[PDB]
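Inspection log for the structure reproduced underneath, given as structure tokens.
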Amino acid sequence: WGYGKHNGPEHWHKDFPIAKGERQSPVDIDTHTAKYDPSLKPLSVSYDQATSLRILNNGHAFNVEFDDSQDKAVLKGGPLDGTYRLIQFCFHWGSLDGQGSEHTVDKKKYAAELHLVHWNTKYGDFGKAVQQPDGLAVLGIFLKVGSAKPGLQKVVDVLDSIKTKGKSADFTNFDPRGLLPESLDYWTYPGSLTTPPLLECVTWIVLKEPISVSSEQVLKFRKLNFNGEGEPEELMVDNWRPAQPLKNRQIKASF
Ligand SMILES: [Zn+2]
């Protein structure tokens, strides 16, 4: 699977038939159709004690891993039940500033999209959480091109060391609080992972308010390679999935 002409999104269903399931992600957020639900609680992010371990190039994106052995970095509140622990964050970007995000707002595409993945501690581990409907909670954050994001520089600076597929680097004392928008107003809906095995275990929480990153920041993203070291160079760009059918599901807004 990949994002090329022969292994792209349109071909995933052959290996992962759930690709055409009933609660696939990402989706287009039609803001006029979204239902304002007064019964939603504010999001509750506790990241002061988060512990990053390292960053890696898995050949389809770059992930920053976190130590989820204890409730150090957790999400609760909102449309959620119980505690969800931060395990990793993944990014998705395009070849141009005009595309990159997975989720779209009234068909508008942002330059990139950041996903903060959390699992339900009721299930004991991440492997068990993905076999459940309320197993995961992903906080989606859009990135628009404008001013630099001070908080993101530490990640940009380390990308050189994880250029190719399989490379990994020690990445400690990285505080994710640096990537949060000012407002925590959100959209919520039941969906799935955006990449295979595309399991329908996710409660999506998409922030209304996007973060701005400089052009030279996102430019460094586009220097990553899909390929392994010693192979033909294939740039990691356009690692995003096209919006999937809503199909009955409803998008609720906390605002
Ligand atoms: Zn992602």
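By convention in this document, the chains of the structure tokens carry letters A, B, ... by their order, each chain's residues are numbered from 1, and ligands are numbered from 1 in the order they are shown.
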
Counting only C-alpha atoms and all ligand atoms, which residues of chain A sit at most 6 Å from some atom of ligand 1, and what is each one's closest atom pair with its distance in Å to one decimal, listed by chain and rising residue number, as JSON lines?
{"residue": "A:90", "atom": "CA", "partner": "ligand 1", "partner_atom_place_in_ligand_line": "1 (Zn)", "distance": 4.6}
{"residue": "A:91", "atom": "CA", "partner": "ligand 1", "partner_atom_place_in_ligand_line": "1 (Zn)", "distance": 5.4}
{"residue": "A:115", "atom": "CA", "partner": "ligand 1", "partner_atom_place_in_ligand_line": "1 (Zn)", "distance": 4.8}

Filtering to N, CA and C atoms, could you give me those residues as a PDB file, in the first residue's frame?
ATOM      1  N   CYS A  90       1.353  11.669  14.177  1.00  0.00           N
ATOM      2  CA  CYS A  90       1.654  11.498  12.756  1.00  0.00           C
ATOM      3  C   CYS A  90       1.207  12.722  11.966  1.00  0.00           C
ATOM      4  N   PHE A  91       1.899  13.001  10.899  1.00  0.00           N
ATOM      5  CA  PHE A  91       1.655  14.115  10.002  1.00  0.00           C
ATOM      6  C   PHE A  91       1.368  13.605   8.572  1.00  0.00           C
ATOM      7  N   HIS A 115      -2.110  14.448  13.516  1.00  0.00           N
ATOM      8  CA  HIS A 115      -2.992  13.549  14.239  1.00  0.00           C
ATOM      9  C   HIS A 115      -2.337  13.154  15.586  1.00  0.00           C
TER      10      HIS A 115
END

Pick out each residue of range 150-222 of chain A that DSSP on the backbone tags as strand (DSSP E or B); I need them as a compact mmCIF listing (two decimals) with N, CA, C and O atoms, in the first residue's frame.
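Generated output (result12.txt):
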# COMPACT_ATOMS: atom_id res chain seq x y z
N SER A 168 15.26 6.02 12.39
CA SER A 168 14.62 6.43 13.63
C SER A 168 15.68 7.20 14.39
O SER A 168 16.86 7.03 14.13
N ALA A 169 15.26 8.06 15.26
CA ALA A 169 16.12 8.91 16.10
C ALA A 169 15.54 9.15 17.47
O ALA A 169 14.35 9.32 17.61
N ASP A 170 16.49 9.19 18.44
CA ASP A 170 16.12 9.47 19.85
C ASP A 170 15.43 10.88 19.78
O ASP A 170 15.95 11.74 19.01
N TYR A 186 -14.22 22.27 18.72
CA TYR A 186 -14.18 21.14 17.86
C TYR A 186 -15.43 20.63 17.24
O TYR A 186 -16.54 20.93 17.51
N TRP A 187 -15.16 19.71 16.30
CA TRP A 187 -16.08 18.91 15.51
C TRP A 187 -15.80 17.48 15.97
O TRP A 187 -14.60 17.25 16.24
N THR A 188 -16.77 16.66 16.05
CA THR A 188 -16.63 15.24 16.45
C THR A 188 -17.49 14.29 15.63
O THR A 188 -18.69 14.59 15.36
N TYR A 189 -17.00 13.15 15.36
CA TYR A 189 -17.66 12.06 14.59
C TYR A 189 -16.95 10.77 14.72
O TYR A 189 -15.74 10.78 15.01
N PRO A 190 -17.66 9.65 14.56
CA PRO A 190 -17.17 8.32 14.65
C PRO A 190 -16.60 7.87 13.31
O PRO A 190 -17.34 7.90 12.30
N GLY A 191 -15.35 7.57 13.27
CA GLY A 191 -14.71 7.13 12.01
C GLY A 191 -13.63 6.05 12.13
O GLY A 191 -13.87 5.15 12.99
N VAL A 202 -12.19 4.69 15.74
CA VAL A 202 -11.88 6.06 16.14
C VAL A 202 -13.02 7.10 16.33
O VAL A 202 -13.95 7.20 15.57
N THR A 203 -12.72 7.88 17.38
CA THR A 203 -13.64 9.01 17.74
C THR A 203 -12.80 10.22 17.33
O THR A 203 -11.84 10.53 17.98
N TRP A 204 -13.22 10.80 16.19
CA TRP A 204 -12.46 11.95 15.65
C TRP A 204 -12.86 13.25 16.32
O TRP A 204 -14.04 13.54 16.52
N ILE A 205 -11.81 14.03 16.67
CA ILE A 205 -11.92 15.33 17.28
C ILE A 205 -10.97 16.27 16.49
O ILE A 205 -9.76 16.28 16.65
N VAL A 206 -11.66 16.98 15.64
CA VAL A 206 -11.07 17.95 14.74
C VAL A 206 -11.25 19.38 15.25
O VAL A 206 -12.42 19.88 15.43
N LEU A 207 -10.14 20.02 15.46
CA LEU A 207 -10.12 21.37 15.96
C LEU A 207 -10.45 22.33 14.77
O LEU A 207 -9.93 22.16 13.66
N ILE A 211 -3.28 25.79 12.99
CA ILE A 211 -2.03 26.37 13.44
C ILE A 211 -1.34 26.79 12.17
O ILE A 211 -1.48 26.25 11.07
N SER A 212 -0.49 27.83 12.30
CA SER A 212 0.21 28.37 11.15
C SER A 212 1.67 27.87 11.27
O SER A 212 2.20 27.74 12.41
N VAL A 213 2.26 27.57 10.14
CA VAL A 213 3.64 27.14 9.98
C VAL A 213 4.22 27.93 8.78
O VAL A 213 3.44 28.33 7.91

Counting only C-alpha atoms, which residue out of A:150, A:178, A:17, A:59 sits closest to residue 226 in chain A?
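Going through A:150, A:178, A:17, A:59 one by one, the smallest distance to residue 226 in chain A is for A:59.
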
Residues of range 156-239 of chain A at most 7 Å from range 32-55 of chain A: nearest atom pair and distance in Å, only C-alpha atoms, as a tab-separated table:
residue	atom	partner	partner_atom	distance
A:168	CA	A:55	CA	5.6
A:169	CA	A:55	CA	5.4
A:170	CA	A:54	CA	4.4
A:171	CA	A:54	CA	3.9
A:172	CA	A:52	CA	4.9
A:173	CA	A:52	CA	6.1
A:174	CA	A:52	CA	5.9
A:175	CA	A:50	CA	6.7
A:177	CA	A:47	CA	6.5
A:184	CA	A:43	CA	6.8

Excluding same-chain residues fewer than 6 positions from residue 100 in chain A, what lies within 9 Å of it counting only C-alpha atoms, as a PyMOL selection string?
chain A and resi 92-94+109-113+237-240

Length of the CA of residue 234 in chain A to CA of residue 89 in chain A vector [Å]
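It comes out at 22.9 Å.
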
For each of A:86, A:179, A:235, A:224, take the minimum atom-to-atom distance to residue 167 in chain A, counting only C-alpha atoms, then give the residue where this is smallest.
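Checking each candidate against residue 167 in chain A, we get A:224 as the closest.
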
Taking 2 positions as the minimum chain separation for residues in the same chain, which residues sit within 7 Å of residue 57 in chain A when counting only C-alpha atoms? Answer as a list in words.
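So, after excluding close chain neighbours, the residues are residues 59, 61, 62, 63, 162, 164, 165, 166, 167 and 168 of chain A.
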
Give me the residues within 7 Å of residue 193 in chain A as an mmCIF file with C-alpha atoms, in the first residue's frame, counting only C-alpha atoms and dropping any in the same chain fewer than 3 places off.
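The file below, selection.cif, is the result:
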data_model
loop_
_atom_site.group_PDB
_atom_site.id
_atom_site.type_symbol
_atom_site.label_atom_id
_atom_site.label_comp_id
_atom_site.auth_asym_id
_atom_site.auth_seq_id
_atom_site.Cartn_x
_atom_site.Cartn_y
_atom_site.Cartn_z
ATOM 1 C CA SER A 25 -12.210 8.524 7.537
ATOM 2 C CA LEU A 198 -8.226 1.357 8.373
ATOM 3 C CA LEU A 199 -9.981 0.018 11.487
ATOM 4 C CA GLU A 200 -13.248 1.699 12.454
ATOM 5 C CA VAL A 202 -11.880 6.063 16.142
#
